[PDB]
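Each remark here refers to the structure printed beneath this line.
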Amino acid sequence: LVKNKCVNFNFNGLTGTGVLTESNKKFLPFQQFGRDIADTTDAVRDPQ
Amino acid sequence: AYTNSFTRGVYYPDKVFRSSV
Ligand SMILES: *[C@@H]1O[C@H](CO)[C@@H](O)[C@H](O)[C@H]1NC(C)=O
Ligand SMILES: *[C@@H]1O[C@H](CO)[C@@H](O)[C@H](O)[C@H]1NC(C)=O
């Protein structure tokens, strides 16, 4: 895992590019990743 | 016998987090 640096990140098939930062969002056990108003990924949980 | 379902039969459509949307 890398943080605070642009990367080609992949999470269980969800692919994207950019920086990661500590999340203030409170997910629920069934929830895996988070989307925003514009239907784009905004927060993701480490599967490990 | 029969009855009325007011607001039952609702579930999370997918394993996706959202907020105030
Ligand atoms: C995966 O294994 C690591 C290595 O000890 C452990 O720290 C982590 O909690 C494990 N995660 C799961 C979901 O089993
Ligand atoms: C439900 O449908 C059945 C069959 O038409 C009917 O006998 C019954 O009165 C209905 N009940 C309600 C609450 O609509």
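Simple scheme: letters A, B, ... for chains in structure tokens order, numbers from 1 for residues in each chain, numbers from 1 for ligands in the order shown.
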
Using only C-alpha atoms, select each residue of chain A with any atom at most 9 Å away from an atom of chain B, and give the selection as a ChimeraX atom specification.
/A:25-28,30-37,43

Could you tell me, counting only C-alpha atoms and all ligand atoms, which protein and nucleic acid residues lie no more than 12 Å from ligand 1, written as number ranges by chain?
A: 45-48

Export of the given selection (N, CA and C atoms) as a compact mmCIF listing (two decimals), in the first residue's frame:
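Result file follows (result31.txt):
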```txt
# COMPACT_ATOMS: atom_id res chain seq x y z
N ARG A 45 -12.21 1.20 0.65
CA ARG A 45 -11.67 0.49 1.84
C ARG A 45 -10.66 -0.54 1.34
N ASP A 46 -9.60 -0.71 2.12
CA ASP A 46 -8.54 -1.70 1.82
C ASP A 46 -9.13 -3.09 2.03
N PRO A 47 -9.20 -3.95 1.00
CA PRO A 47 -9.73 -5.31 1.17
C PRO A 47 -8.90 -6.21 2.11
N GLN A 48 -7.61 -5.90 2.30
CA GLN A 48 -6.71 -6.67 3.19
C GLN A 48 -7.04 -6.32 4.65
```

Backbone DSSP call of strand (DSSP E or B) for chain A, listed as a PyMOL selection string:
chain A and resi 7-11+14-18+33-35+41-44

Taking N, CA and C atoms for each residue, export the selection above as a PDB file, in the first residue's frame.
```
ATOM      1  N   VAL A   7      -1.128   7.216  -7.773  1.00  0.00           N
ATOM      2  CA  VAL A   7      -0.829   5.811  -8.158  1.00  0.00           C
ATOM      3  C   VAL A   7      -1.956   5.320  -9.057  1.00  0.00           C
ATOM      4  N   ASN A   8      -1.705   4.236  -9.793  1.00  0.00           N
ATOM      5  CA  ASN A   8      -2.755   3.495 -10.539  1.00  0.00           C
ATOM      6  C   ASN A   8      -3.312   2.439  -9.579  1.00  0.00           C
ATOM      7  N   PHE A   9      -4.248   2.853  -8.725  1.00  0.00           N
ATOM      8  CA  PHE A   9      -4.790   1.990  -7.645  1.00  0.00           C
ATOM      9  C   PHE A   9      -5.850   1.063  -8.236  1.00  0.00           C
ATOM     10  N   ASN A  10      -5.890  -0.172  -7.737  1.00  0.00           N
ATOM     11  CA  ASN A  10      -6.933  -1.167  -8.106  1.00  0.00           C
ATOM     12  C   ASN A  10      -7.447  -1.808  -6.818  1.00  0.00           C
ATOM     13  N   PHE A  11      -8.765  -1.863  -6.653  1.00  0.00           N
ATOM     14  CA  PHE A  11      -9.434  -2.460  -5.472  1.00  0.00           C
ATOM     15  C   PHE A  11     -10.509  -3.426  -5.974  1.00  0.00           C
ATOM     16  N   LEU A  14     -12.054  -2.467  -9.160  1.00  0.00           N
ATOM     17  CA  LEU A  14     -12.300  -1.006  -9.300  1.00  0.00           C
ATOM     18  C   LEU A  14     -10.942  -0.324  -9.517  1.00  0.00           C
ATOM     19  N   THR A  15     -10.754   0.250 -10.696  1.00  0.00           N
ATOM     20  CA  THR A  15      -9.474   0.840 -11.151  1.00  0.00           C
ATOM     21  C   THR A  15      -9.598   2.365 -11.157  1.00  0.00           C
ATOM     22  N   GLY A  16      -8.550   3.051 -10.715  1.00  0.00           N
ATOM     23  CA  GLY A  16      -8.456   4.516 -10.824  1.00  0.00           C
ATOM     24  C   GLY A  16      -7.047   5.021 -10.620  1.00  0.00           C
ATOM     25  N   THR A  17      -6.856   6.335 -10.719  1.00  0.00           N
ATOM     26  CA  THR A  17      -5.534   6.973 -10.542  1.00  0.00           C
ATOM     27  C   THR A  17      -5.669   8.178  -9.612  1.00  0.00           C
ATOM     28  N   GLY A  18      -4.729   8.305  -8.681  1.00  0.00           N
ATOM     29  CA  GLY A  18      -4.621   9.506  -7.839  1.00  0.00           C
ATOM     30  C   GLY A  18      -3.986   9.231  -6.486  1.00  0.00           C
ATOM     31  N   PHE A  33     -16.883   0.281  -1.257  1.00  0.00           N
ATOM     32  CA  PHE A  33     -16.364   1.599  -1.724  1.00  0.00           C
ATOM     33  C   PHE A  33     -17.514   2.604  -1.694  1.00  0.00           C
ATOM     34  N   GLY A  34     -17.177   3.895  -1.788  1.00  0.00           N
ATOM     35  CA  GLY A  34     -18.100   5.033  -1.736  1.00  0.00           C
ATOM     36  C   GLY A  34     -18.103   5.822  -3.035  1.00  0.00           C
ATOM     37  N   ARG A  35     -19.290   6.214  -3.476  1.00  0.00           N
ATOM     38  CA  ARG A  35     -19.466   7.141  -4.624  1.00  0.00           C
ATOM     39  C   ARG A  35     -19.996   8.485  -4.129  1.00  0.00           C
ATOM     40  N   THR A  41     -16.267   7.361  -7.904  1.00  0.00           N
ATOM     41  CA  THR A  41     -15.642   6.809  -6.676  1.00  0.00           C
ATOM     42  C   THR A  41     -14.938   7.940  -5.918  1.00  0.00           C
ATOM     43  N   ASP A  42     -15.205   8.053  -4.619  1.00  0.00           N
ATOM     44  CA  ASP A  42     -14.638   9.124  -3.761  1.00  0.00           C
ATOM     45  C   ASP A  42     -13.907   8.526  -2.557  1.00  0.00           C
ATOM     46  N   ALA A  43     -14.298   7.350  -2.069  1.00  0.00           N
ATOM     47  CA  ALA A  43     -13.599   6.701  -0.926  1.00  0.00           C
ATOM     48  C   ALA A  43     -13.645   5.188  -1.099  1.00  0.00           C
ATOM     49  N   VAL A  44     -12.553   4.499  -0.778  1.00  0.00           N
ATOM     50  CA  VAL A  44     -12.459   3.019  -0.966  1.00  0.00           C
ATOM     51  C   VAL A  44     -11.834   2.424   0.292  1.00  0.00           C
TER      52      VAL A  44
END
```
